[PDB]
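Trainee: fold the following, please.
(one chain, ligands or ions: 1)
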Amino acid sequence: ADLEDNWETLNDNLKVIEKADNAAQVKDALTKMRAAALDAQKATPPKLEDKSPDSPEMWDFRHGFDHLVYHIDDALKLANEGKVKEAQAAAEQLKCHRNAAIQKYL
Ligand SMILES: [V+3]
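Mentor: Numbering: from 1, shown residues only. There you are, the coordinates:
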């Protein structure tokens, strides 16, 4: 449930999606990404541990993962229409959201 472990999980599943041939392979990888994003959202960084939940610092941290989840869910909508190619392009765009949610807290 480490933040770094959740980042690894997200990158593992993005690779699976880029290699995928069918929408079910993509769907399963996106499902795992959503779980990893929600687990990451719980992994408050040591430097923010003492911050109030209502603090702007924690608002930013939490909501980076909310945003990643929103678009994982949009990519799921595509995988659930058998649109393998469209869901793969949506997945590629998740890298930017992943970076925005996690990179500055590593
Ligand atoms: V958005």
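Trainee: show me where this structure has helices.
Mentor: According to DSSP state H, the chain carries its helices in the segments 3-19, 23-42, 56-79, 84-102.
Trainee: what's the closest of the ones you listed to residue 50?
Mentor: For those, proximity to residue 50 was assessed by CB to CB; helix 56-79 is nearest, at 10.3 Å. All C-beta atoms are positioned from the backbone trio N, CA, C, and that covers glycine.
Trainee: thought residue 88 was touching residue 15?
Mentor: No: using CB atoms under 8 Å, residue 88 is not in contact with residue 15; the gap is 11.6 Å.
Trainee: which residues do those two both contact?
Mentor: By CB atoms under 8 Å, 6 or more residues apart in numbering, residue 88 and residue 15 have no common neighbours.
Trainee: those two: which is more packed in?
Mentor: More crowded of residue 88 and residue 15, by other CB atoms under 10 Å: residue 88, with 19 against 10.
Trainee: who touches the more buried one in this structure?
Mentor: Applying CB under 8 Å, 6+ apart, the residues near residue 88 are 17, 18, 20, 26.
Trainee: for residue 4, same thing?
Mentor: Per CB under 8 Å, 6+ apart, neighbours of residue 4: residue 106.
Trainee: quick check: buried residues in stretch 1-11?
Mentor: 3, 6, 7, 9, 10 (16 or more other CB atoms under 10 Å).
Trainee: so what's the fourth one up against?
Mentor: Under the criterion of CB under 8 Å, 6+ apart, the contact partners of residue 9 comprise 32, 33, 36.
Trainee: what do you get for the second one?
Mentor: With contacts defined as CB under 8 Å, 6+ apart, the neighbours of residue 6 are 36, 37, 39, 40, 43, 102.
Trainee: from residue 93, how far out is the closest residue to residue 42 other than its chain neighbours?
Mentor: Using CB to CB, 6 or more residues apart in numbering and skipping the chain neighbours, the partner closest in space to residue 42 is residue 1 (6.8 Å). Counting by CB to CB, to the nearest Å, the gap from residue 1 to residue 93 is 26 Å.
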